[PDB]
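Asks: One structure coming up, written as structure tokens, with questions to follow.
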There are 2 protein chains.
Amino acid sequence: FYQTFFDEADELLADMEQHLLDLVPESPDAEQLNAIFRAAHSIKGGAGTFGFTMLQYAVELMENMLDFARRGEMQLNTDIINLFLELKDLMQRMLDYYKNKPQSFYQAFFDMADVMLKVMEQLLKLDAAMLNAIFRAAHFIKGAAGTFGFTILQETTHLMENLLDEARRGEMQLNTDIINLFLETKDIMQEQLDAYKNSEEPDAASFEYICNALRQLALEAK
Amino acid sequence: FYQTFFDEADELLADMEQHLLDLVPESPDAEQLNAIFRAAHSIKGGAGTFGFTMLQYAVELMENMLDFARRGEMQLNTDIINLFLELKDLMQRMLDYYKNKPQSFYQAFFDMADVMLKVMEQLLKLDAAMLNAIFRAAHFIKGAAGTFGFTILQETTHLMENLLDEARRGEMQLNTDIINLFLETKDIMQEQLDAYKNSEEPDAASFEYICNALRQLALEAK
């Protein structure tokens with residue numbers, strides 16, 4: 001949902017930039033003013049939706065100025081148009097702040113996920129309550145991997161999650177082989193995490209191997 | 001509201017650490033388990049209140065393990081106690097993530113505030129709608145300065161904000177002298193912003209000067 005907004009907002013700002021540049025300081029076109037206003041209003045909506053407060057404030061500020069400009073309360077001139085460009089650039093900088101946001105964020109995830117895998121490992125090695133715990137730890141890793149676009153990690157965890165959902169509810173019967181496959185999945189997920197930790201790409205061979213094994217179990221346990 | 005939680009949570013984690021260390025692996029005390037649980041539950045509440053999701057997840061995980069331990073579903077041993085210490089450390093690391101969070105955040109503020117001062121400047125130099133705009137720009141700077149503990153910047157902006165509130169509503173009559181005091185306040189606020197930008201302390205002489213002048217106007221306009 002975030003990236004759709006970022007792609008649209010970038011496009012809108014590129015449109016805003018051209019319309020601002022096409023403004024006639026002595027006699028501005030209310031149609032170009034309306035275009036800049038529409039693009040700013042669209043960005044405001046998204047910024048509010050996702051809690052992009054710095055962007056929200058930057059947009060409100062341009063909106064206000066534009067509302068005076070398009071209604072005729074503000075006298076336009078070169079200086080004012082330059083201010084509008086700076087507000088547009090501020091909106092761009094704020095958008096990029098929220099678009100960016102990593103490192104401290106990546107590290108907190110890497111550290112958190114490392115710990116959750118240890119918890120999963122031990123609970124496997126040890127009850128519906130524990131199955132609910134392994135399930136939720138996998139659910140977090142999947143969710144978080146989805147957040148960072150870690151497609152390979154997300155998929156591995158998702159396949160194990162579905163098996164853990166059937167295990168916790170009581171739809172699927174568990175045994176030593178199944179548990180060892182879950183432990184093997186844990187090891188693969190750690191390597192997937194480590195590859196991303198080192199800004200490398202996870203092992204495709206391991207991914208295909210574990211996903212075949214997890215889907216095999218989804219059939220075998222039924 | 002944030003710092004009260006951070007101070008309490010730090011204390012709770014220090015308590016948790018001692019109770020975990022005082023656990024008897026062969027025959028644990030349900031009272032020490034309850035203490036660790038209470039401290040974890042308290043931290044969970046705050047984490048939920050402020051949207052500290054990474055912390056929330058780290059706490060849920062310890063909570064779950066502790067609920068098995070205190071109820072007797074989990075067999076304790078040295079390894080399990082070490083895992084509890086790691087979960088406690090994770091909770092500490094997550095707390096510190098949310099406690100920290102700056103730089104990219106400081107820079108976005110510095111850049112945003114720089115632009116808002118320019119907008120304020122020009123609108124002063126130029127209507128209740130514009131007075132509402134200068135007011136809100138000051139309101140943002142005050143709010144944001146409050147967020148970063150910039151007491152001197154917050155106070156300067158707050159005093160001007162109250163004057164801007166009376167100006168926008170129509171309680172206070174404005175003139176050239178008042179506007180020039182507002183422009184002078186803008187210059188002081190920029191220097192206050194710049195001092196913090198360079199990790200320096202704002203000018204105390206300017207602060208006292210402008211606050212006397214702003215309070216003088218609060219009396220003079222009435």
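Please note that chains go A, B, ... in the order of the structure tokens, that every chain numbers its residues from 1, and that ligands are numbered from 1 in the order shown.
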At a cut-off of 12 Å, using only C-alpha atoms, what residues contact range 205-207 of chain A? Leave out same-chain residues fewer than 3 positions from it and give the result as a ChimeraX atom specification.

Replies: /A:151-157,159,184-192,201-202,210-214

Asks: Output as a PyMOL selection string the set of chain B residues within 7 Å of chain A, with distances taken over only C-alpha atoms.

Replies: chain B and resi 90+94+108+112

Asks: Report the residues of range 25-189 of chain B whose backbone DSSP state falls under alpha helix (DSSP H), written as a PyMOL selection string.

Replies: chain B and resi 30-49+53-71+78-100+104-125+128-147+151-169+176-189

Asks: What is the CA of residue 182 in chain B to CA of residue 196 in chain B distance in Å?

Replies: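 Going from CA of residue 182 in chain B over to CA of residue 196 in chain B covers 20.9 Å.
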
Asks: Between CA of residue 18 in chain A and CA of residue 71 in chain A, what is the distance in Å, rounded to a tenth?

Replies: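 Between these atoms lies a distance of 20.5 Å.
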
Asks: Compile the contact shell of residue 12 in chain B as an NGL selection string: residues with an atom at most 7 Å away, counting only C-alpha atoms, same-chain residues fewer than 4 positions apart removed.

Replies: :B and (8 or 16 or 39)

Asks: Tell me, as a list in words, which residues lie within 8 Å of residue 221 in chain B, counting only C-alpha atoms; anything in the same chain fewer than 6 positions away does not count.

Replies: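 Neighbouring residues, sequence-local ones excluded: residues 172, 173 and 174 of chain B.
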
Asks: For the residues selected in the previous step, produce a file with N, CA and C atoms as a compact mmCIF listing (two decimals), in the first residue's frame.

Replies:
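Contents of out.txt, as written:
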# COMPACT_ATOMS: atom_id res chain seq x y z
N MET B 172 -6.37 41.23 19.29
CA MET B 172 -5.24 42.16 19.26
C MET B 172 -5.07 42.89 17.93
N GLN B 173 -4.89 44.22 18.04
CA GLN B 173 -4.64 45.14 16.92
C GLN B 173 -3.16 45.10 16.53
N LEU B 174 -2.89 44.88 15.23
CA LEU B 174 -1.53 44.79 14.71
C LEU B 174 -1.11 46.08 14.03
